[PDB]
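Visitor: This is the structure, below, for whatever I ask next.
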Amino acid sequence: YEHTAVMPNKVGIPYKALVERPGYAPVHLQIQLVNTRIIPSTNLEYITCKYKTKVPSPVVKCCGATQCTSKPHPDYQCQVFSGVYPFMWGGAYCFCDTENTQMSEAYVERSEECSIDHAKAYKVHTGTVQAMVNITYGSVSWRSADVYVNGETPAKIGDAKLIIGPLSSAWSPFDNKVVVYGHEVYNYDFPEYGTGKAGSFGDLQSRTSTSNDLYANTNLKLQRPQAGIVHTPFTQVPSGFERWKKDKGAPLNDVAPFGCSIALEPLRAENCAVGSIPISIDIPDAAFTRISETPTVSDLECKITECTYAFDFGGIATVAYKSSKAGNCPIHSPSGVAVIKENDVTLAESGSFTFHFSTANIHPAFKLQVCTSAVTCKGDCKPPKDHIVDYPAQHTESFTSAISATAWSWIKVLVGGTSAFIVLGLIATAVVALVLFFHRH
Amino acid sequence: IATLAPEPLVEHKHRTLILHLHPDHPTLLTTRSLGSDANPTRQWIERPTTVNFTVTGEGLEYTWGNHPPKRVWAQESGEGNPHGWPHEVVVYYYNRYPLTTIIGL
């Protein structure tokens, strides 16, 4: 047989459904999600890290002049300073006064911490969504294997093929450009490897951590050495990667809506709760027994003994039956008012059992089916005294959940007497029209 | 090894979580809501302060210090009672739906 329905996109709450093959005993089916990972497709453009400017030894040809070529180096610098007359240890360097030459070249390269901490720049594109489901049906125990969340690919779990339908929302928490620094990801724009504004993020850009081509503009400017010493000074703006580490805002795993938890190694966005997921499960024909070998109940009367508004299993109801024979048969409430904690019950000849439920209604008018037979339950509920708890709701809050019997009485008094007032005006209008017509002829 | 903050004193009111924080170092406290909008707060606590956070039925998640994050959900307790005189029915639905009964009356 095949049972198709739609489940909500919530993780810790199982979805209970009762398949109904006529002529066979019903099978209680329970589908529970474990994970929900939205995995986009990324490509790595470039990385970035703090630089380390290295200075070669300057040449001192100090009777004459020297010139340089243009070596291929990121942010390479040349200068010639004339008439320096330096003073090393053990006297002055050379005899020629007031005409000298010092080169003092410089060159920018990446540091040795770039292997440990760096920021990876990614462009994302919408990709696969997959999830892990824990399932059971009938007497089969819990067996789990992960599926693909698209309405095409079936997955064999146990002996039943499950086709998890597409999500109703196309929402993904990643913008088109993300930065992955260490443990957390961000939503930040790139200069796209061509430009670098020397102080914000792309002062140093490298395509791979071991790559040989480097982009570097750090405004490296050479400076004249002073007072007759051999050293090479320079001035440059600080690294923007070190500045980005100070000013970075909150990461994406702290501002994500719908309670998404962001993981890293395939760049998942795990356990979001948005939309709904349709299902379609093909159940094997060997899991159905004939109805002549199962209990069948009649004369059902349902009484609710205690009900509580809270979203904990505080609702209790006992029903009275008289089955045809002893055995086990499941229970289920198909309406959206209350969920049922129990899966199956053990029966006898003319006994009574109790089940625990959970509802968000003041007056639960739900019905439940036991042993392919339905019975309507009614009662009143009281609010709880706890204000904040640390578990999610088991039920679903509707629109007319909070309206009580006294509030319905005041609405019907208001609506009923308003229309009765305005109809009496319409009745009395048509009454004097007849007696004015009857005056003439 | 990084320092661990002292535990806050949590106090519960109707749709409000109150946190009494007594740190000894400048400590980061970041919260978010588990609904369609995150509405995120982020601040460094240096002196002993108290902060009140509004928790709806969707949830709230707060991280304090180097502790693991904790999630809290708000129930439907309320203040009035729905059965009774009209000065009690109106009060109960105002504490539950504060805007809908203003334009509903």
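In this analysis, Cβ positions are derived from the backbone assuming ideal geometry, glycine residues included, and neighbour counts consider all displayed protein chains. Read the figures in this text as sums done on the coordinates, not as results from a lab.
Visitor: Considering region A:278-295 alone, what residues qualify as being crowded, with 18+ Cβ neighbours inside 10 Å and either of a type in the set (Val, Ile, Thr) or closer than 17 Å to A:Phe355 by Cα (or both)?
Guide: If we filter region A:278-295 for residues that are crowded, with 18+ Cβ neighbours inside 10 Å, which is where we start, we get A:279, A:281, A:283, A:287, A:294-295.
Those that are crowded, with 18+ Cβ neighbours inside 10 Å and either of a type in the set (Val, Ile, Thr) or closer than 17 Å to A:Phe355 by Cα (or both): A:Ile279, A:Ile281, A:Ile283, A:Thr294.
Results for (1) of a type in the set (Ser, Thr, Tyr); (2) without any contact (Cβ under 8 Å) to a residue 12 or more places away in the chain; (3) part of a loop (DSSP other than H, G, I, E, B); (4) more than 14 Å from every other protein chain (Cβ to nearest Cβ), shown as yes or no for each residue.
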position	(1), (2), (3), (4)
A:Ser401	yes, no, yes, no
A:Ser409	yes, yes, no, no
A:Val413	no, yes, no, no
A:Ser419	yes, yes, no, yes
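Visitor: Can you pull out every residue in region A:152-161 that is in contact with a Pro (Cβ under 7 Å, 6 or more places away or on another chain) and surrounded by 15 or more Cβ atoms within 10 Å (Cβ to Cβ)? Steps first, please.
Guide: Going through region A:152-161, the residues in contact with a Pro (Cβ under 7 Å, 6 or more places away or on another chain) turn out to be A:159-161.
The answer is A:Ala160, A:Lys161.
Visitor: Moving on to the next point. For region A:170-188, check the following and say yes or no: at least one residue is in a strand (DSSP E or B), within 18 Å of A:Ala5 (Cα to Cα) and among the basic types (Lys, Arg).
Guide: Residues of region A:170-188 that are in a strand (DSSP E or B), as a first pass: A:177-181, A:184-187.
Of the ones still in play, those that are also within 18 Å of A:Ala5 (Cα to Cα) are none.
Checked region A:170-188: no residue is in a strand (DSSP E or B), within 18 Å of A:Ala5 (Cα to Cα) and among the basic types (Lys, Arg).
Visitor: Output the number of residues of region A:381-394 satisfying the condition of being within 11 Å of chain B (Cβ to nearest Cβ), under 23 Å from B:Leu60 (Cα atoms) and assigned to a loop (DSSP other than H, G, I, E, B). Before you say what the answer is, go through the steps one by one.
Guide: Initial filter on region A:381-394 (within 11 Å of chain B (Cβ to nearest Cβ)): A:381-393.
From what is left, the residues that are under 23 Å from B:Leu60 (Cα atoms) are A:383-393.
After this cut, where a residue has to be assigned to a loop (DSSP other than H, G, I, E, B) as well, the list is A:383-387, A:390-393.
Number satisfying all stated conditions: 9.
Visitor: Still on this structure, please answer the following. Can you tell me which residue in region B:38-49 is farthest from the other protein chains (Cβ to nearest Cβ), limited to those that are assigned to a strand (DSSP E or B) and of a type outside the set (A, V, I, L, M)?
Guide: Of region B:38-49, the ones assigned to a strand (DSSP E or B) are B:41-45, B:49.
Of the ones still in play, those that are also of a type outside the set (A, V, I, L, M) are B:41-44, B:49.
Working: B:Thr41: 10, B:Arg42: 6, B:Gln43: 11, B:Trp44: 13, B:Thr49: 20 Å.
Among residues in region B:38-49 that are assigned to a strand (DSSP E or B) and of a type outside the set (A, V, I, L, M), the one farthest from the other protein chains (Cβ to nearest Cβ) is B:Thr49.
Visitor: Are there any pairs, at least 6 apart or on different chains, whose C-beta atoms fall under 7 Å, with the first in region A:103-118 and touching a residue at least 24 places away in the same chain (Cβ under 8 Å) and closer than 23 Å to A:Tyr186 by Cα and the second part of a loop (DSSP other than H, G, I, E, B) and of a type in the set (D, E, K, R), and if so, which?
Guide: Close Cβ pairs (under 7 Å, with a partner that is part of a loop (DSSP other than H, G, I, E, B) and of a type in the set (D, E, K, R)) amount to A:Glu113/A:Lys50.
Visitor: I want to confirm something. Restricting to region A:243-260 and keeping residues that are more than 15 Å from B:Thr30 (Cα to Cα) and outside any loop (DSSP other than H, G, I, E, B), which single residue is farthest from the other protein chains (Cβ to nearest Cβ)?
Guide: Initial filter on region A:243-260 (more than 15 Å from B:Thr30 (Cα to Cα)): A:243-247, A:258, A:260.
Remaining after also requiring outside any loop (DSSP other than H, G, I, E, B): A:243-247, A:258.
Details: A:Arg243: 19, A:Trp244: 17, A:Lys245: 15, A:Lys246: 14, A:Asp247: 13, A:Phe258: 7 Å.
That would be A:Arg243.
Visitor: Scan region B:50-105 residue by residue and report those that are part of a loop (DSSP other than H, G, I, E, B), among the β-branched types (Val, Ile, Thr) and either surrounded by fewer than 16 Cβ atoms within 10 Å (Cβ to Cβ) or out of contact with any strand residue (DSSP E or B) (no Cβ under 9 Å at 6 or more places or on another chain) (or both). Spell out the reasoning first.
Guide: At the first step, the residues of region B:50-105 found to be part of a loop (DSSP other than H, G, I, E, B) are B:54-59, B:65-69, B:75-85, B:97-99, B:105.
Filter once more, so that each one left must be among the β-branched types (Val, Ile, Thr): B:54-56.
Correct list: B:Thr54, B:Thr56.
Visitor: Sort out which residues of region A:51-81 are closer than 16 Å to A:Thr232 by Cβ and among the polar types (S, T, N, Q), and write them in order of number.
Guide: A:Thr53, A:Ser57, A:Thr66, A:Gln77, A:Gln79
Visitor: A further question follows. Going by what's in this entry, would A:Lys378 be described as among the basic types (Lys, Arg) and in a loop (DSSP other than H, G, I, E, B)? Spell out the reasoning first.
Guide: Working: among the basic types (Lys, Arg): yes; in a loop (DSSP other than H, G, I, E, B): yes.
When the stated conditions are applied, A:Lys378 passes them.
Visitor: Being in contact with a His (Cβ under 6 Å, 6 or more places away or on another chain) and buried (at least 16 other Cβ atoms within 10 Å of the Cβ) is the requirement here; does A:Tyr122 meet it?
Guide: Working: in contact with a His (Cβ under 6 Å, 6 or more places away or on another chain): no; buried (at least 16 other Cβ atoms within 10 Å of the Cβ): yes.
No; evaluated as a whole, the condition is false for this residue.
Visitor: Now for a different question. Counting only residues that are surrounded by 17 or more Cβ atoms within 10 Å (Cβ to Cβ) and hydroxyl-bearing (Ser, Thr, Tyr), which one in region A:94-110 is farthest from A:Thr42 (Cα to Cα)?
Guide: First, the residues of region A:94-110 that are surrounded by 17 or more Cβ atoms within 10 Å (Cβ to Cβ): A:100-106, A:108, A:110.
Checking which are hydroxyl-bearing (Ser, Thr, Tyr) leaves us with A:101, A:104.
Details: A:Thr101: 52, A:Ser104: 43 Å.
Checked region A:94-110; the qualifying residue farthest from A:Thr42 (Cα to Cα) is A:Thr101.
Visitor: Let me ask another. Do you know which residues across region A:71-85 are of a type outside the set (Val, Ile, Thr) and over 15 Å from A:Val108 (Cβ atoms)? Write out each step before concluding.
Guide: The initial filter retains those residues of region A:71-85 that are of a type outside the set (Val, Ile, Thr), namely A:71-79, A:81-83, A:85.
Within region A:71-85, A:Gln79, A:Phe81, A:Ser82, A:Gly83, A:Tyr85 qualify.
Visitor: Continuing with the same structure: Restricting region B:26-49 to residues that are in contact (Cβ under 8 Å) with a residue 24 or more places away in the chain and of a type in the set (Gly, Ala, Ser), which is surrounded by the most Cβ atoms within 10 Å (Cβ to Cβ)?
Guide: Step by step, filter region B:26-49, then rank; the result is B:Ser33.
Visitor: Let me ask something additional. How about region A:358-376: which of its residues are more than 25 Å from A:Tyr391 (Cβ to Cβ) and within 38 Å of the chain's Cα centre (by Cα)? Show your work before the answer.
Guide: If we filter region A:358-376 for residues that are more than 25 Å from A:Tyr391 (Cβ to Cβ), which is where we start, we get A:365, A:367, A:369-376.
Within region A:358-376, A:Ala365, A:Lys367, A:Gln369, A:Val370 meet the criteria.
Visitor: More than 10 Å from every other protein chain (Cβ to nearest Cβ) and buried (at least 16 other Cβ atoms within 10 Å of the Cβ): which single residue out of A:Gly240, A:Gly275 fits that description?
Guide: Values: A:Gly275 fails: buried (at least 16 other Cβ atoms within 10 Å of the Cβ).
Just one listed residue meets the conditions, A:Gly240.
Visitor: Does at least one position in region B:76-89 carry a residue that is on the phi < 0 side of the Ramachandran plot, touching a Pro at 6+ places or on another chain (Cβ under 6 Å), among the charged types (D, E, K, R) and within 9 Å of chain A (Cβ to nearest Cβ)?
Guide: Within region B:76-89 (the criterion being on the phi < 0 side of the Ramachandran plot, touching a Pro at 6+ places or on another chain (Cβ under 6 Å), among the charged types (D, E, K, R) and within 9 Å of chain A (Cβ to nearest Cβ)), the answer is no, since none of the residues qualifies.
Visitor: Restricting region A:246-262 to residues that are in contact (Cβ under 8 Å) with a residue 40 or more places away in the chain and surrounded by fewer than 15 Cβ atoms within 10 Å (Cβ to Cβ), which is nearest to A:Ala119 (Cα to Cα)?
Guide: Ranking the candidates gives A:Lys248 first.
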